[PDB]
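Shown next, in structure tokens, is the structure this report addresses.
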There are 4 protein chains.
Amino acid sequence: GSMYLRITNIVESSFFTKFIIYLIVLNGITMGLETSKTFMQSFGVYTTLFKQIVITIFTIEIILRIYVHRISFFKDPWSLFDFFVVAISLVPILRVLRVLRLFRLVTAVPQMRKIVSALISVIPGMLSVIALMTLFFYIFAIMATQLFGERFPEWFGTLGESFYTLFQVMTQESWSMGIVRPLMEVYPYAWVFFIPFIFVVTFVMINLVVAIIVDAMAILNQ
Amino acid sequence: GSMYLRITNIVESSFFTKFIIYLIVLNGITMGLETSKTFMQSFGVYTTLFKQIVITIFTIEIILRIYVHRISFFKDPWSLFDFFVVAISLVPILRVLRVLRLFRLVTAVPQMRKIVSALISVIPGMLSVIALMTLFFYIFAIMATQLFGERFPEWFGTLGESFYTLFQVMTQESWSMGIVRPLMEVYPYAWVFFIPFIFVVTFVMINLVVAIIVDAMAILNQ
Amino acid sequence: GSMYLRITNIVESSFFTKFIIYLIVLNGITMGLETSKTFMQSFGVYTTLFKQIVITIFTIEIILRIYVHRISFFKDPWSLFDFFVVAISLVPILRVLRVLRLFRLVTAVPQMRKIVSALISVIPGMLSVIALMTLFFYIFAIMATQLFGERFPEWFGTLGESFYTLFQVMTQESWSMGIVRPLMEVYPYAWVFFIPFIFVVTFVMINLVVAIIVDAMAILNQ
Amino acid sequence: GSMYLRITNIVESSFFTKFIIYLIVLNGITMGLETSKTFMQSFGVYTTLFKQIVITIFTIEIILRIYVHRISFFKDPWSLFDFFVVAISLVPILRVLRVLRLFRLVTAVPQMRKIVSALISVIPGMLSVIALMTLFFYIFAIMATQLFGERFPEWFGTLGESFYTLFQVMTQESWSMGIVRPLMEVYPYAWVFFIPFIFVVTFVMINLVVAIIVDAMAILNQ
Ligand SMILES: CCCCCCCCCCCCCC(=O)OC[C@H](COP(=O)(O)OCC[N+](C)(C)C)OC(=O)CCCCCCCCCCCCC
Ligand SMILES: CCCCCCCCCCCCCC(=O)OC[C@H](COP(=O)(O)OCC[N+](C)(C)C)OC(=O)CCCCCCCCCCCCC
Ligand SMILES: CCCCCCCCCCCCCC(=O)OC[C@H](COP(=O)(O)OCC[N+](C)(C)C)OC(=O)CCCCCCCCCCCCC
Ligand SMILES: CCCCCCCCCCCCCC(=O)OC[C@H](COP(=O)(O)OCC[N+](C)(C)C)OC(=O)CCCCCCCCCCCCC
Ligand SMILES: CCCCCCCCCCCCCC(=O)OC[C@H](COP(=O)(O)OCC[N+](C)(C)C)OC(=O)CCCCCCCCCCCCC
Ligand SMILES: CCCCCCCCCCCCCC(=O)OC[C@H](COP(=O)(O)OCC[N+](C)(C)C)OC(=O)CCCCCCCCCCCCC
Ligand SMILES: CCCCCCCCCCCCCC(=O)OC[C@H](COP(=O)(O)OCC[N+](C)(C)C)OC(=O)CCCCCCCCCCCCC
Ligand SMILES: CCCCCCCCCCCCCC(=O)OC[C@H](COP(=O)(O)OCC[N+](C)(C)C)OC(=O)CCCCCCCCCCCCC
Ligand SMILES: CCCCCCCCCCCCCC(=O)OC[C@H](COP(=O)(O)OCC[N+](C)(C)C)OC(=O)CCCCCCCCCCCCC
Ligand SMILES: CCCCCCCCCCCCCC(=O)OC[C@H](COP(=O)(O)OCC[N+](C)(C)C)OC(=O)CCCCCCCCCCCCC
Ligand code: NA
Ligand code: NA
């Protein structure tokens with residue numbers, strides 16, 4: 001177009017994205033201030049007005065970005081994320097989910113965008129080890145629920161409660177004073193279940209970490 | 001044979017192993033559903049029937065696999081594991097040990113098989129460090145049992161209880177509020193035993209991890 | 001100058017810096033002894049006299065060092081640190097902040113100076129990951145304060161209290177028995193907030209550590 | 001000598017060191033059995049006799065080893081350790097220190113000897129970082145003792161008690177529920193002291209570990 005060139009030369013301009021970055025920061029501090037009961041009584045209307053007069057800017061700039069790249073928008077992870085976080089912020093739990101638009105700042109800022117996509121690119125390698133661990137949790141979740149579910153309903157009564165207690169034991173939070181030692185007052189051989197479980201879960205996780213270290217180092221040694 | 005070629009051309013076919021994989025998954029979800037008291041009252045007979053009509057399939061397919069490879073079966077770690085997990089599932093604790101046949105899914109799936117055998121191949125290097133640690137635990141288990149066994153019978157009364165408390169201190173779970181600090185109310189110099197113990201156990205474990213990192217990296221730098 | 005050469009040939013002499021090192025050590029042991037109520041009653045005056053007759057030496061040697069390097073002093077991180085730790089020790093919380101002049105010993109000793117500046121040079125790389133984590137804490141601090149702030153005021157009532165509880169959960173100290181499990185007595189789905197939070201925070205920190213390992217190894221592989 | 005060749009050809013023979021290894025193992029199991037009150041009542045005399053008839057063998061074989069290498073013995077770390085652990089076991093706390101002669105098995109066994117000396121060779125590099133950490137603990141031990149020593153005498157009353165509580169906070173055992181959170185009921189800004197302390201102590205330790213990883217990898221990349 002005649003003006004289509006102008007609008008794609010503003011949408012891809014530095015100052016338009018710098019402006020929506022200042023708005024993300026201002027909204028983030030606004031969102032931060034909205035936890036204060038005293039501030040909300042004193043200036044609640046300026047902030048809620050502000051929150052409206054900023055959600056409108058964000059929605060119009062989503063409209064513009066969609067126009068300049070009609071289908072390129074809906075195949076791009078970052079702009080897709082923007083689409084969804086402005087969608088959440090537009091409906092009349094959702095209240096809390098609205099804060100996620102502050103990750104909008106990870107999208108705009110390129111250095112942050114680089115770090116995030118680096119972290120994502122790590123994941124494909126871990127898929128194989130995660131699958132063994134999820135299967136491993138599934139198997140020991142079922143064993144623990146059938147062994148301790150009656151006498152210890154709060155911790156091992158349900159499969160979900162046993163995926164919870166086992167995750168806590170793997171994080172090694174009160175694994176012994178909190179869970180195993182109380183269990184051994186009724187069932188005196190519970191260590192056979194947990195100390196092996198601990199050992200396996202640690203080993204795998206260690207290897208997971210070492211795996212991440214050689215997949216990173218390969219591109220350097222070449 | 002005439003049909004022996006047919007049976008070895010089905011046993012090594014893709015679809016026969018895909019079929020026993022679907023059966024492992026169906027049995028795994030069945031086993032998962034058997035923790036629900038409500039589901040077991042409503043559909044317990046369909047599932048127990050299912051569990052029988054699947055343990056039979058698994059046993060016949062073990063029979064077939066043994067026939068096609070008569071001695072190759074009993075020298076192969078994965079099929080040996082299958083032999084034993086279908087054996088456990090065939091006897092009239094065992095109830096819980098039956099769930100282990102879900103690791104049958106690690107055997108069938110090749111990508112999982114790769115990850116598991118990678119994890120195994122790590123272990124030979126750790127044998128030397130594990131032996132020093134097991135000897136180290138043995139020595140400090142005996143010291144702790146003789147020092148605190150009377151006044152603190154629940155934690156250090158027996159060698160096994162002291163291999164337990166020392167493992168908890170090495171995992172650093174309530175090492176200080178839970179065990180050392182109570183001990184210092186009777187025996188005020190217990191830190192000499194534990195803080196050195198902590199230090200040694202951490203150092204060795206750190207080296208263990210670093211060891212795993214150079215044994216992995218060697219095949220890349222070549 | 002005529003004597004300016006003499007004073008710059010003492011200020012940069014080995015024995016002048018060896019002397020102020022002995023004074024740092026003597027003051028450090030003095031500072032160590034000043035916690036003892038009994039020693040302070042018995043020899044408090046010798047030590048406070050000593051503390052004065054040493055703060056004067058340190059101040060004159062700051063004066064000398066400033067003279068020999070007039071502007072080189074105020075552009076040098078180590079001597080700048082000396083300026084500020086002798087300033088703190090000169091005013092008529094400050095009492096406790098005075099102990100920081102024992103890090104004066106890191107400045108004088110060159111091997112220590114090397115280690116410290118190595119540790120500093122690591123930091124620039126972590127700036128990108130720290131910024132994502134600080135933003136991530138900010139977002140989940142706000143979510144946690146709005147979700148649990150009323151029913152759990154002590155832990156999540158304020159943004160600062162939620163940056164505190166979330167840091168404790170990331171350190172994995174009583175994350176489950178101490179915070180999540182009590183929360184699930186009122187709000188039974190709190191794991192959705194924390195177990196994801198845990199996962200993200202661990203992953204990032206792991207990568208942070210792996211990052212530090214490849215930035216160190218690069219100068220070796222070249 | 002005429003027989004001196006014979007005795008140095010037995011002392012350095014495989015079977016003499018294999019024999020004292022069997023004696024270390026037999027004594028280790030004996031020492032293990034001596035925790036059992038029931039076994040000591042039933043067979044206490046056979047074991048104490050055994051313990052004497054083995055401490056004598058060990059002492060004569062120390063005598064022989066000293067003779068074959070008169071001064072080479074007292075300049076060799078492993079045999080020096082043997083000298084001292086047979087000395088401890090010869091005097092008429094010492095009772096518990098006697099168990100250390102089971103590390104005699106690390107000395108005899110060469111693969112174990114290799115692992116141990118590898119672990120030792122790591123340490124020289126950590127000396128610089130350990131010195132910064134020990135100075136760092138000293139400084140924050142003094143700060144914590146002067147800030148919280150009166151209101152919290154059990155944890156921070158003495159410098160030793162503050163080197164204890166700070167070590168526990170660095171191990172991250174009940175750092176927050178156990179120590180900081182109780183402190184903030186009297187002194188509401190204690191996080192300024194501990195969360196910075198935590199951060200520094202973690203960072204340094206991380207670098208310590210990364211250091212160990214590049215000092216190991218250097219001999220491989222060459
Ligand atoms: C990225 C990280 C940057 C740094 C983040 C800084 C976070 C600091 C938060 C700590 C503030 C809370 C401390 C405090 O005491 O403030 C009180 C209020 C809540 O208490 P309040 O509601 O005032 O008490 C009511 C009493 N009543 C019921 C009897 C009437 O609580 C507040 O006033 C909250 C104050 C809002 C702080 C917002 C700071 C935003 C930093 C900029 C980050 C932008 C990133 C895009
Ligand atoms: C930390 C704050 C998070 C905030 C919420 C985020 C929500 C999603 C936002 C997505 C924005 C980032 C997307 C992204 O960076 O993708 C790029 C990555 C890395 O690229 P990379 O792998 O380097 O590309 C090389 C491959 N090539 C050349 C053939 C194209 O390419 C890949 O994706 C590799 C494939 C692995 C994908 C695994 C992703 C899912 C893990 C977490 C799922 C959470 C669900 C709730
Ligand atoms: C590829 C990207 C990376 C993703 C990797 C993470 C995989 C996530 C695993 C979770 C999959 C299974 C989820 C699940 O089973 O949820 C069950 C429970 C819910 O408890 P629930 O029974 O609903 O409580 C209700 C109480 N009631 C009925 C009395 C009112 O909720 C829980 O307990 C979940 C606790 C977390 C357990 C994590 C277990 C496997 C993690 C493997 C980690 C891999 C790296 C090592
Ligand atoms: C590999 C990991 C994949 C993802 C795993 C998903 C795990 C999800 C488990 C969480 C389900 C439990 C939550 C829940 O509230 O369910 C209730 C039942 C047990 O309570 P219920 O017996 O219904 O209560 C009785 C009350 N009474 C005594 C008064 C009559 O508990 C149940 O109903 C259990 C529901 C069965 C879930 C099975 C999911 C299998 C996922 C597929 C994995 C296949 C791997 C090969
Ligand atoms: C090569 C493949 C890797 C394998 C490495 C793992 C080595 C496993 C070490 C276990 C060896 C010794 C086993 C043992 O001594 O068992 C004793 C206790 C049993 O307690 P017990 O006294 O039966 O309780 C009965 C209570 N009663 C009589 C009043 C009714 O049970 C326990 O306390 C065991 C607790 C675990 C302690 C682990 C100690 C050494 C681990 C070294 C780890 C190496 C990597 C760092
Ligand atoms: C770099 C690290 C080097 C090694 C650091 C060594 C730290 C050792 C500290 C442990 C000392 C405390 C143990 C102890 O029981 O001493 C008691 C005094 C405090 O109790 P006290 O005030 O005597 O009790 C009064 C009783 N009342 C109220 C009824 C009259 O507490 C004291 O007497 C404190 C003793 C001062 C020890 C100063 C050691 C400095 C080591 C040199 C480091 C120089 C680095 C530049
Ligand atoms: C580039 C060099 C490295 C630096 C990296 C570290 C970044 C430090 C993050 C701290 C920034 C935000 C500070 C902040 O928000 O302070 C709030 C609270 C204070 O609590 P407050 O509400 O004042 O308590 C008063 C109680 N009252 C009113 C009732 C009397 O105090 C806290 O809760 C702070 C707790 C620490 C939280 C740390 C959170 C982000 C850390 C990211 C770590 C990066 C590496 C993974
Ligand atoms: C290197 C690691 C190898 C594997 C280490 C194996 C450790 C196993 C230790 C667990 C044994 C303790 C379990 C148990 O219930 O035994 C009971 C006794 C102590 O109770 P007891 O004194 O029998 O009870 C008296 C009751 N009363 C007062 C009313 C009369 O406690 C005992 O009977 C202790 C049994 C001695 C076990 C010695 C095993 C040595 C393994 C070989 C290692 C050699 C390395 C050089
Ligand atoms: C784990 C069970 C322990 C049981 C108690 C042990 C008590 C002491 C037993 C001593 C036996 C081992 C002695 C030893 O292996 O020394 C050899 C190490 C490693 O040799 P390496 O550095 O490879 O030699 C190369 C240097 N070269 C070619 C120029 C000679 O050469 C070095 O020593 C390097 C120098 C660093 C020494 C740091 C040692 C002290 C750390 C722990 C102190 C604890 C005191 C209670
Ligand atoms: C080169 C080979 C590696 C060696 C590195 C390890 C360095 C060891 C540091 C210990 C140096 C200072 C020792 C010290 O100050 O001892 C004080 C306390 C003793 O408490 P105390 O006051 O005697 O309790 C008596 C109670 N009473 C009077 C009421 C009856 O005892 C404690 O609290 C000690 C707790 C351990 C603290 C460790 C602090 C610095 C560790 C730096 C670690 C470096 C790697 C990161
Ligand atoms: Na804990
Ligand atoms: Na912990």
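We label chains A, B, ... in the order they appear in the structure tokens, count residues from 1 in each chain, and number ligands from 1 in the order shown.
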Polymer residues at most 10 Å from region 100-117 of chain D, only C-alpha atoms, same-chain spacing of 5 or more positions, as number ranges by chain: B: 128-129, 131-132, 135-136, 138-140, 142-143, 204; D: 17-18, 20-25, 27-29, 31, 77-79, 81-82, 84-89, 122
Dump as JSON lines the rows for residues of chain B within 9 Å of ligand 10: closest atom pair and distance in Å with one decimal, only C-alpha atoms and all ligand atoms counted, ordered by chain and rising residue number.
{"residue": "B:184", "atom": "CA", "partner": "ligand 10", "partner_atom_place_in_ligand_line": "26 (C)", "distance": 8.8}
{"residue": "B:188", "atom": "CA", "partner": "ligand 10", "partner_atom_place_in_ligand_line": "30 (C)", "distance": 6.4}
{"residue": "B:189", "atom": "CA", "partner": "ligand 10", "partner_atom_place_in_ligand_line": "24 (O)", "distance": 7.0}
{"residue": "B:191", "atom": "CA", "partner": "ligand 10", "partner_atom_place_in_ligand_line": "31 (O)", "distance": 6.9}
{"residue": "B:192", "atom": "CA", "partner": "ligand 10", "partner_atom_place_in_ligand_line": "31 (O)", "distance": 7.7}
{"residue": "B:195", "atom": "CA", "partner": "ligand 10", "partner_atom_place_in_ligand_line": "36 (C)", "distance": 6.1}
{"residue": "B:196", "atom": "CA", "partner": "ligand 10", "partner_atom_place_in_ligand_line": "36 (C)", "distance": 8.2}
{"residue": "B:199", "atom": "CA", "partner": "ligand 10", "partner_atom_place_in_ligand_line": "6 (C)", "distance": 7.6}
Could you turn the residues from that selection into a file that holds C-alpha atoms, as an mmCIF file, in the first residue's frame?
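Final output, result-v2.cif:
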data_model
loop_
_atom_site.group_PDB
_atom_site.id
_atom_site.type_symbol
_atom_site.label_atom_id
_atom_site.label_comp_id
_atom_site.auth_asym_id
_atom_site.auth_seq_id
_atom_site.Cartn_x
_atom_site.Cartn_y
_atom_site.Cartn_z
ATOM 1 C CA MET B 184 24.719 -31.544 71.410
ATOM 2 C CA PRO B 188 28.274 -31.009 73.223
ATOM 3 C CA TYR B 189 31.114 -31.831 70.745
ATOM 4 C CA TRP B 191 30.024 -31.375 65.337
ATOM 5 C CA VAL B 192 33.579 -32.793 65.242
ATOM 6 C CA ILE B 195 30.799 -31.455 60.132
ATOM 7 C CA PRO B 196 33.953 -33.337 59.110
ATOM 8 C CA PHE B 199 32.685 -32.186 54.396
#
Given 7 Å and only C-alpha atoms and all ligand atoms, residues near ligand 7 as a tab-separated table (two decimals) with N, CA and C atoms, in the first residue's frame:
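selection_18.tsv, freshly written:
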chain	number	residue	atom	x	y	z
C	123	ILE	N	30.60	-12.82	36.51
C	123	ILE	CA	29.23	-12.28	36.62
C	123	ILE	C	28.68	-11.74	35.33
C	127	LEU	N	24.31	-11.92	33.76
C	127	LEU	CA	23.37	-10.77	33.86
C	127	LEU	C	22.07	-11.08	33.12
C	130	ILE	N	20.03	-13.67	35.15
C	130	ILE	CA	19.58	-13.05	36.43
C	130	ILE	C	18.37	-12.17	36.14
C	133	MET	N	15.32	-14.26	35.69
C	133	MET	CA	14.92	-14.80	37.01
C	133	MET	C	14.28	-13.72	37.88
C	134	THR	N	14.86	-12.51	37.91
C	134	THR	CA	14.30	-11.41	38.73
C	134	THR	C	12.91	-11.05	38.20
C	137	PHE	N	10.68	-13.96	39.25
C	137	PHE	CA	10.29	-13.83	40.67
C	137	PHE	C	9.26	-12.71	40.76
C	158	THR	N	2.43	-9.68	51.68
C	158	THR	CA	3.07	-8.53	51.00
C	158	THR	C	3.93	-9.06	49.85
C	159	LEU	N	4.28	-8.21	48.89
C	159	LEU	CA	5.14	-8.64	47.76
C	159	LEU	C	6.50	-9.07	48.31
C	160	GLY	N	7.04	-8.33	49.28
C	160	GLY	CA	8.33	-8.69	49.89
C	160	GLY	C	8.25	-10.02	50.60
C	161	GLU	N	7.15	-10.27	51.30
C	161	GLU	CA	6.97	-11.57	51.98
C	161	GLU	C	6.81	-12.67	50.93
C	162	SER	N	6.31	-12.34	49.73
C	162	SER	CA	6.20	-13.41	48.74
C	162	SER	C	7.49	-13.62	47.95
C	163	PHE	N	8.30	-12.56	47.88
C	163	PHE	CA	9.66	-12.74	47.32
C	163	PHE	C	10.44	-13.54	48.38
C	164	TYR	N	10.05	-13.45	49.67
C	164	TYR	CA	10.78	-14.24	50.65
C	164	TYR	C	10.38	-15.72	50.58
C	167	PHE	N	11.64	-17.46	47.46
C	167	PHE	CA	13.10	-17.72	47.53
C	167	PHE	C	13.33	-18.98	48.37
C	205	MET	N	18.33	-22.22	36.96
C	205	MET	CA	19.54	-22.26	37.77
C	205	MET	C	20.52	-23.31	37.25
D	188	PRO	N	13.33	-7.62	62.50
D	188	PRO	CA	12.55	-7.87	61.28
D	188	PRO	C	13.33	-7.74	59.97
D	191	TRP	N	16.95	-10.69	56.88
D	191	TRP	CA	17.17	-11.24	55.55
D	191	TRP	C	18.32	-10.55	54.82
D	195	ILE	N	20.12	-13.54	53.29
D	195	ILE	CA	19.94	-13.76	51.86
D	195	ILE	C	21.16	-13.30	51.07
Nearby polymer residues, ligand 12, at most 12 Å, only C-alpha atoms and all ligand atoms, as number ranges by chain: A: 168-176; B: 168-176; C: 168-176; D: 168-176
Would you output that residue set with N, CA and C atoms, as a short mmCIF file (atom, residue, chain, number, x, y, z; two decimals), in the first residue's frame?
data_model
loop_
_atom_site.label_atom_id
_atom_site.label_comp_id
_atom_site.auth_asym_id
_atom_site.auth_seq_id
_atom_site.Cartn_x
_atom_site.Cartn_y
_atom_site.Cartn_z
N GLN A 168 8.49 -34.70 46.62
CA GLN A 168 9.09 -34.06 47.82
C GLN A 168 10.33 -34.85 48.24
N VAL A 169 10.25 -36.18 48.23
CA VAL A 169 11.40 -37.05 48.62
C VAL A 169 12.54 -36.85 47.62
N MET A 170 12.22 -36.73 46.33
CA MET A 170 13.26 -36.47 45.29
C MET A 170 13.89 -35.09 45.48
N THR A 171 13.10 -34.08 45.88
CA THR A 171 13.66 -32.74 46.19
C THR A 171 14.40 -32.86 47.53
N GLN A 172 14.25 -33.99 48.22
CA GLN A 172 14.94 -34.25 49.51
C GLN A 172 14.48 -33.26 50.58
N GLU A 173 13.22 -32.84 50.51
CA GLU A 173 12.68 -31.95 51.57
C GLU A 173 12.01 -32.86 52.59
N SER A 174 12.47 -32.80 53.83
CA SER A 174 11.93 -33.67 54.89
C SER A 174 11.67 -35.07 54.34
N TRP A 175 12.58 -35.62 53.53
CA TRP A 175 12.34 -36.99 53.11
C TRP A 175 12.39 -37.97 54.29
N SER A 176 13.24 -37.72 55.28
CA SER A 176 13.45 -38.73 56.31
C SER A 176 12.69 -38.44 57.59
N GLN B 168 20.98 -39.71 55.95
CA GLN B 168 20.12 -38.50 56.05
C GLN B 168 21.00 -37.26 56.19
N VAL B 169 22.05 -37.33 57.00
CA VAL B 169 22.98 -36.18 57.20
C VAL B 169 23.69 -35.88 55.88
N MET B 170 24.08 -36.91 55.13
CA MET B 170 24.73 -36.71 53.80
C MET B 170 23.75 -36.10 52.80
N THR B 171 22.47 -36.48 52.86
CA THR B 171 21.43 -35.85 52.00
C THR B 171 21.17 -34.45 52.56
N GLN B 172 21.70 -34.15 53.75
CA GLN B 172 21.56 -32.82 54.40
C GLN B 172 20.09 -32.54 54.73
N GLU B 173 19.33 -33.59 55.05
CA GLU B 173 17.93 -33.38 55.47
C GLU B 173 17.94 -33.29 56.99
N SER B 174 17.48 -32.18 57.54
CA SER B 174 17.50 -31.97 59.00
C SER B 174 18.79 -32.51 59.60
N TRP B 175 19.94 -32.28 58.95
CA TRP B 175 21.16 -32.72 59.60
C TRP B 175 21.42 -31.97 60.91
N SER B 176 21.05 -30.69 60.99
CA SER B 176 21.47 -29.91 62.15
C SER B 176 20.36 -29.73 63.17
N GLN C 168 12.60 -19.11 49.48
CA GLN C 168 12.74 -20.30 50.35
C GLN C 168 12.34 -21.55 49.57
N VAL C 169 11.26 -21.48 48.80
CA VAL C 169 10.79 -22.64 47.99
C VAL C 169 11.84 -22.97 46.93
N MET C 170 12.46 -21.96 46.32
CA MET C 170 13.54 -22.18 45.32
C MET C 170 14.77 -22.80 45.98
N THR C 171 15.09 -22.40 47.21
CA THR C 171 16.21 -23.04 47.97
C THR C 171 15.73 -24.43 48.40
N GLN C 172 14.43 -24.71 48.24
CA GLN C 172 13.84 -26.03 48.59
C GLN C 172 13.94 -26.28 50.09
N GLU C 173 13.87 -25.22 50.89
CA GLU C 173 13.87 -25.41 52.36
C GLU C 173 12.41 -25.47 52.79
N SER C 174 12.01 -26.57 53.42
CA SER C 174 10.60 -26.75 53.82
C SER C 174 9.66 -26.22 52.75
N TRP C 175 9.95 -26.47 51.46
CA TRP C 175 8.97 -26.04 50.48
C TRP C 175 7.64 -26.77 50.63
N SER C 176 7.65 -28.04 51.02
CA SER C 176 6.42 -28.82 50.97
C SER C 176 5.76 -28.96 52.33
N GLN D 168 25.09 -24.12 58.81
CA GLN D 168 23.77 -24.74 58.59
C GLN D 168 23.01 -23.96 57.51
N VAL D 169 23.06 -22.63 57.57
CA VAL D 169 22.36 -21.77 56.56
C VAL D 169 22.99 -22.00 55.19
N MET D 170 24.32 -22.14 55.12
CA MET D 170 25.01 -22.42 53.83
C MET D 170 24.63 -23.81 53.31
N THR D 171 24.46 -24.80 54.19
CA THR D 171 23.98 -26.14 53.77
C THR D 171 22.49 -26.01 53.44
N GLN D 172 21.89 -24.87 53.77
CA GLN D 172 20.45 -24.59 53.48
C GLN D 172 19.55 -25.56 54.24
N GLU D 173 19.98 -25.97 55.44
CA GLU D 173 19.11 -26.84 56.27
C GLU D 173 18.34 -25.91 57.20
N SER D 174 17.01 -25.95 57.12
CA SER D 174 16.17 -25.05 57.93
C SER D 174 16.79 -23.66 58.00
N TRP D 175 17.31 -23.14 56.89
CA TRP D 175 17.80 -21.77 56.97
C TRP D 175 16.66 -20.77 57.25
N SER D 176 15.46 -21.01 56.73
CA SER D 176 14.44 -19.99 56.81
C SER D 176 13.42 -20.25 57.91
#
DSSP alpha helix (DSSP H) selection over region 9-216 of chain C, as a count of residues only: 163
Which of D:34, D:76, D:150, D:61 sits closest to chain C [using only C-alpha atoms]: D:150
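One finds CA of residue 147 (chain B) at 19.3 Å from atom 43 (C, counted along the ligand's line) of ligand 8.
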Coordinates-based distance that separates CA of residue 90 (chain B) from atom 7 (C, counted along the ligand's line) of ligand 4 (Å, one decimal): 26.1 Å
Selection near region 64-68 of chain D, 8 Å with only C-alpha atoms, sequence-local residues under 6 positions removed, as number ranges by chain: D: 4, 7-8, 11
Export of prior selection with C-alpha atoms as a PDB file, in the first residue's frame:
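The resulting file, again.pdb, is shown below:
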ATOM      1  CA  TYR D   4      67.396 -59.633  54.408  1.00  0.00           C
ATOM      2  CA  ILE D   7      62.477 -60.812  54.102  1.00  0.00           C
ATOM      3  CA  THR D   8      62.337 -58.032  51.529  1.00  0.00           C
ATOM      4  CA  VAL D  11      57.420 -58.121  52.497  1.00  0.00           C
TER       5      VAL D  11
END
Pick from D:183, D:5, D:126, D:10, whichever lies nearest to chain C using only C-alpha atoms: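 Selected residue with least distance to chain C: D:126.
In terms of minimum interatomic distance to ligand 8, D:38 ranks closest within D:59, D:47, D:165, D:38, counting only C-alpha atoms and all ligand atoms.
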One-decimal distance in Å that lies between CA of residue 45 (chain A) and atom 27 (N, counted along the ligand's line) of ligand 1: 18.8 Å
Minimum-distance residue to ligand 9, chosen among B:201, B:208, B:57, B:213 (using only C-alpha atoms and all ligand atoms):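 Residue with the minimum atom-to-atom distance to ligand 9: B:201.
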For chain D, the nearest of the candidates C:62, C:91, C:200, C:211, counting only C-alpha atoms: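 For chain D, the nearest of the given residues is C:211.
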